[PDB]
Structures are given as structure tokens and as C-alpha cells.
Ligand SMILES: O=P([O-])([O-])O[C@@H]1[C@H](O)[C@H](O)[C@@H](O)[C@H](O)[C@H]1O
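First, one chain by itself: the form solved without the ligand, in C-alpha cells.
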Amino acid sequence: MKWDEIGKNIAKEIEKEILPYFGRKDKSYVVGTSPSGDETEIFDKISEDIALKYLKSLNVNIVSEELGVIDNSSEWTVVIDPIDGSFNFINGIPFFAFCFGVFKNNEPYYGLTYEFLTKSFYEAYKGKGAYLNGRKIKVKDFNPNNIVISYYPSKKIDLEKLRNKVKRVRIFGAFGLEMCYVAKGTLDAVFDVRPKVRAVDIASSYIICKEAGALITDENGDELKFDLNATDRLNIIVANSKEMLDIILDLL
């Protein structure tokens, strides 16, 4: 069936066996340490684990946070984040999401991104635009006197500056779903010059975003290009416009 229907299913299953778990930070514990270095906790595992029960039978290429990479030598590669911003979930903060990115010959094909608590699907096919539960969505018409951002900078960003330029901070704790807060026009921007965010985190939204006007820009100014491993941290500046980028560029 369609990548679309394949992701929404996987989503709805994840959502099934783990939402009860939501916030219950006591029934969780570390189970392993992901290839990325990070510590893998159990509800992460049981999600990914629930995810490979579908992608395994499709013998497509695979890449996720916990598992790493399973190369079946295929045209296609399904990149998954069982939970985007685990923590938030384990600590009852209603900001996490399922990240599902499908790639054809390293080319953004389809992209799903599910926000459990809001019951919201962020899905976008390369070439066909971006939708929120079926409604077309694009970036926000920029405006200097109202910009609202998020960010996870380095020890080399004049905080006071940005805060003197930006009219509203809103840090959240799940890049992937934050990007989507850009595609649907709620934030002028979200970056991350602290090389921590990985492939898996942004992948699915990398797409979606782009189809709704995103300027996924790398540390310099260039179009953020990336790889498809479980490892490899990376910079990134999802902006809603060619000025909003700049501002980050000046701060940067």
C-alpha cells in the first residue's frame, strides 16, 4: 500500500501501546545506548521495535535512533524516530512526535510526522505540497515586529542580541516536531548550532517543511544538505523566509 497509509498505521500502533505510559517517568529505565551515543530508554525501544514489525517485511532500507542502520541494499530507505523528544514524553510534557521519513535514492519522497496528543498528521510528498490532516500548509508571512522563534545555540551566540531582535521565545524539546511548527506557520524559525540534532530527528520534517516554504539552511548559509545515518550530529536553520535566516546568520 501507499507509504502514506504505511506510516499512519505504524503511528497509530505506537500511539496505542505507549500513550498510557505518557509522563509515567517511573515505569521507564535505560535499556541500551544508541549508536549516536545517547542512552536508549525502554518506551523508545518498544516503539522502534513496534516499527520494524512493518518495515522489516518490506525489505526496504532502514535507519533509526536506537537501532542504527539495517542495509537491505534497496532503492528505498525508511528513516524512523520512534519518539521525537523522548524526555518530554517520559516527563509528561505534551510535546513529542513520531517521525517517519521515506527516501528514494537518497531523495526525499514522502514524509510523515505525527503529534500524538493533538491527533495531528503532518504529511507531505515531494512535489505535492504539505498537509496538516488534509489542509494545505505553508510558512508564515514574515514580519520583523512579531517574530517568534525557538533555538538551541552554542556558547557563541549573543543571546541578548537575539532576544532583542526576537519578540517571543518558545523553546520546546523536540526539533523534528518543532520544524513542523514552522511548516504550518506558528514560528518564524527554529535552528540548532549546537551540533546535537541528528538525521533521524529532522528527516521526515525536512521534507514536509520544504514543501511548505521552509528554508532548511546549514550552519553557514547554504541549503542544509545531509546524510542518512543513525550517527552524525549536525547544524541546521529551518527558517520561514530569507530575512529570518539572515538574523540567525548575524547572530550566528
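Only residues modelled in both forms are compared. Rigid core: the largest C-alpha set superposing within 1.5 Å between the two forms. All residue numbers are counted from 1 along the displayed sequence.
Below, we turn to the form solved in complex with the ligand, even though it does not appear here.
Asks: Is residue 45 part of the interface with the ligand in the entry with it bound - any heavy atom within 4.5 Å?
Replies: So residue 45 does not count as contacting the ligand.
Asks: Mark residue 174 yes when one of its heavy atoms lies within 4.5 Å of a heavy atom of the ligand in the entry with it bound, and no otherwise.
Replies: It does: once the ligand is placed as it appears in the entry with it bound, residue 174 has a heavy atom within 4.5 Å of it.
Asks: Using heavy atoms and a 4.5 Å limit, would one call residue 83 a contact residue for the ligand in the entry with it bound?
Replies: Output for residue 83 is yes: heavy atoms within 4.5 Å of the ligand.
Asks: Using the partner position in the entry with it bound, report whether residue 188 sits within 4.5 Å of the ligand, counting heavy atoms only.
Replies: Judged by the heavy-atom cut-off of 4.5 Å, residue 188 is well away from the ligand in the entry with it bound.
Asks: Just to confirm the contact call: exactly one of 22-30, 221-229, 198-206, 46-54 touches the ligand in the entry with it bound at a 4.5 Å heavy atom cutoff, so which is it?
Replies: Residues of 198-206 come within 4.5 Å of the partner.
Asks: Note that the ligand is not shown here; using its position in the entry with it bound, name the residues of 53-68 with a heavy atom within 4.5 Å of it, in sequence order.
Replies: Residue within 4.5 Å: 65, and no other.
Asks: Could you check, with the core superposed, whether the Cα atom of residue 38 shifts 2 Å or more between this form and the one not shown?
Replies: Result for residue 38: yes, a 2 Å-plus shift.
Asks: Using the rigid core for the fit, write out the stretches of 3 or more consecutive residues with CA shifts of 2 Å or more between this form and the one not shown, ordered by sequence.
Replies: After superposition, only residues 35-39 shift as a run.
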